[PDB]
Structure formats: structure tokens, C-alpha cells
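The chain contents come next:
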Amino acid sequence: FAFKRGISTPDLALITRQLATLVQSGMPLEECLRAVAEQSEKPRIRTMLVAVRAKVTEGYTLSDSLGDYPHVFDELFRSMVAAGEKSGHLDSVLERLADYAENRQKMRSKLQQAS
Amino acid sequence: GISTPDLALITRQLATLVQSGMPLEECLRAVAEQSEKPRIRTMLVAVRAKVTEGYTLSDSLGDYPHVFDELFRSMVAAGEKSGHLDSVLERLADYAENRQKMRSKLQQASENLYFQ
Ligand SMILES: [Ca+2]
Ligand SMILES: [Ca+2]
Ligand SMILES: [Cl-]
Ligand code: NA
């Protein structure tokens, strides 16, 4: 039996926002992933993003690469990325995913605060 | 001015882009293009225009002292002068993120307890 957990809601919000911002600026996907990793304060997240990037540099899509961490990026997240990649809208779906992740962080906090 | 979350957003985005090695004017263009808030887009385009004309970022931000306070602009100035804008922006992003997180949690906790 194996078992791994995802990352915190703020941690997902930060990296999704950074990746969306970098991709939308017109930088190569691999270079965007390098920057998000290198700017991370979270060793596990840094390692994960180095591994996602490693797959991207072998030529795989972002969605397929995120596939190596299904415990972190769920099927829906990876489906949204794939939809963007297939339709030529990776930039605007990453924006959507960033907005989603930030809203998720906020609502999780709203639920739990003062408990 | 603008909200605590919106300052955190643009500061994180600008820090992220600058630390990637992208020229400052190009970074400012991207943050502008990506903004949902028309007022913020306007401000960033105006700041970008000034930077391309040779004004420093710190001097340009002084046109919006209601958004970028004396500490913020002072920090940027120190970074530009020293050739370390990249790391100063990172610290401003961390600071702004932290402020948003801690203030948002107080807001939510206050809402939750006060209205229960
Ligand atoms: Ca948005
Ligand atoms: Ca940091
Ligand atoms: Cl893991
Ligand atoms: Na799917």
C-alpha cells in the first residue's frame, strides 16, 4: 500500500498564480516551471516542480507532466490544463485555475476561522 | 487605493516576473494585461509608460502613494539603487502576502464570531 497527500490550499494558490502569470507573459513553459521552483520557499514543492519540468523537457504536455503528482493535482485540475493545451488556450485556463485556487484558499479559511 | 488582496497579487506577480530575468517594462506590461481591475490596469500601464521613458520604478510609484506607501516605495528605491530590485520585490511580495493572509483570517474570524 502507498499513500501520499496533496499540498496546502495556499501552496497550490501561490504556484498556480505564479505559473499562470509567467505563462501568460509569453515565457517558455519549461522556463516558467523553473522560475516557480526556484522561487519556492517549500522544499517539497520545489522538488515537485523540478520533476514536472523534467517531464516537460522530455516533451510531454503540462497536463501529462502534472500527472506524475495526481495526489496534488486532481483529475479536474489536470483536465482543465489539458483542455487549454488541446484548444490553444493554456494561458487563459491557467488564469482560471489561479483564480480557482485563490478562491479555494479563501473559502477554506472562511470555513475554519474561529473554530 | 486598492485592496489588501490586490496589492498582494500585483506585488507577487511583479516579483515573480522580475526574478525570472524579464526586463522590468515587460514585467509591468504582463501584470497590467493580467489584471481584472480596470483601475489597477490603468495604473500599471501608466507606471510602465514612465519606466520606458526613464523614470525609476520607485519614482513612478510615487504617483500612487495611496497604493504604494512610503515604506513600499523606499524599499523599491533601495533595490533599484543597489541593483537588487529582484530580491527587494520578493520581500515586498512576501510581506504583502503575509499581510493579506493574516488580515483576511482576522476578517473571517470576526465575521464568524460576531454574526454567530
Ligand atoms: Ca483573474
Ligand atoms: Ca518568498
Ligand atoms: Cl509528493
Ligand atoms: Na478529463
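The residue numbers shown here are sequential, starting from 1 for each chain in the order of its written sequence. They can differ from the numbering used in the entry, and residues that have no coordinates are not displayed. All chains are assigned letters beginning at A, and all ligands numbers beginning at 1, according to the order in which they are written. Remark: hydrogens and water are excluded; side-chain values derive from all non-hydrogen atoms of the structure.

Per the deposited record, the coordinates in this entry were obtained by X-ray crystallography to a resolution of 1.70 Å.

The name given to chain B in the PDB entry is General secretion pathway protein F, with the source organism recorded as Vibrio cholerae. In its PDB record the entry is named "The three-dimensional structure of the cytoplasmic domains of EpsF from the Type 2 Secretion System of Vibrio cholerae".

Under the PDB entry, the name given to chain A is General secretion pathway protein F, and the source organism is Vibrio cholerae.

Any chance you could break down the overall build of chain A for me, citing the residues and the numbers?
In terms of regular secondary structure, chain A is built from six helices and zero strands. Referenced to the eigenvectors of the C-alpha coordinate spread, the extents of chain A come out at roughly 45 × 35 × 25 Å. Within chain A, the proportion of its 115 residues that are buried is 43%. Contact between two residues is taken to exist if any of their heavy atoms lie within 4.5 Å; hydrogens are not considered. Partitioning the contacts of chain A with sequence separation of at least 6, the portion at a separation of at least 24 is 51%. For chain A, the accessible surface area stands at approximately 6,500 Å², while carbon and sulfur atoms represent 51% of it. Under this rule, positive means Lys or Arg and negative means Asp or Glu; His and the chain ends count for nothing. To locate a charge, the coordinates of NZ of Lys, CZ of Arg, CG of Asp or CD of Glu are taken. Between the averaged position of the 16 positive side-chain charges in chain A and that of its 15 negative side-chain charges there is a distance of 7 Å. The secondary structure listing takes helices from DSSP runs of H or I that are at least 4 residues long and strands from runs of E that are at least 2 residues long, numbered from the N terminus. Buried, partly exposed and exposed residues are distinguished by accessible area as a fraction of the type maximum, computed with a 1.4 Å probe on protein chains only: under 20%, between the cut-offs, and over 50%, respectively. Here, Shrake-Rupley sampling with a 1.4 Å probe gives the accessible areas, and only protein chains in the shown set may cover a residue.

So what about the interface of chain B and chain A? Which residues, and what values?
How big an interface is tends to be expressed through the accessible area that disappears when the partners come together. Contacts between the two partners involve 21 residues from chain B and, on the opposite side, 24 residues from chain A. Using a 1.4 Å probe, buried area is obtained as the accessible area two parts lose upon being combined, added over both of them. For the pair chain B and chain A, the two sides together bury roughly 1,800 Å², of which 50% comes from carbon and sulfur. The largest share of the area that chain B buries against chain A comes from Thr16, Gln34 and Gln108 of chain B, three residues that together contribute 29% of it. The term salt bridge refers to a pairing of a side-chain nitrogen on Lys or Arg with a carboxyl oxygen on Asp or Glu at a separation within 4 Å. Inspection of the chain B/chain A interface yields one salt bridge. In this structure, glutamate 111 of chain B and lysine 110 of chain A form a salt bridge, with 2.7 Å as the shortest nitrogen-oxygen distance. Nitrogen and oxygen atoms within 3.5 Å of one another constitute a polar contact, given that in protein one can donate a hydrogen and the other can accept it, and given that sequence-neighbouring residues count only through two side-chain atoms. Where chain B meets chain A, there are 12 residue pairs in polar contact. Sorting the residues of the side of chain B that touches chain A by element identifies helix 1 (4–19) and helix 6 (85–114) of chain B as the ones contributing at least two each. Looking at the side of chain B that touches chain A element by element, the count peaks at nine residues for helix 6 of chain B. Here the residues of the side of chain B that touches chain A are counted per class, giving seven nonpolar, seven polar and seven charged. The classification used treats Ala, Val, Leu, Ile, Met, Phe, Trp, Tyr, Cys and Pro as nonpolar, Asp, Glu, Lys and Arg as charged, and all other residues, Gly among them, as polar.

Can you break down helix 2 (residues 29–38) of chain A residue by residue, with the values?
Among the residues making up helix 2 of chain A, those that are buried are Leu29, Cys32, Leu33, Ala35, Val36 and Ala37 of chain A. In this fold, the buried residues of helix 2 of chain A make contact with helix 1 (9–24), helix 3 (43–57) and helix 4 (62–66) of chain A.

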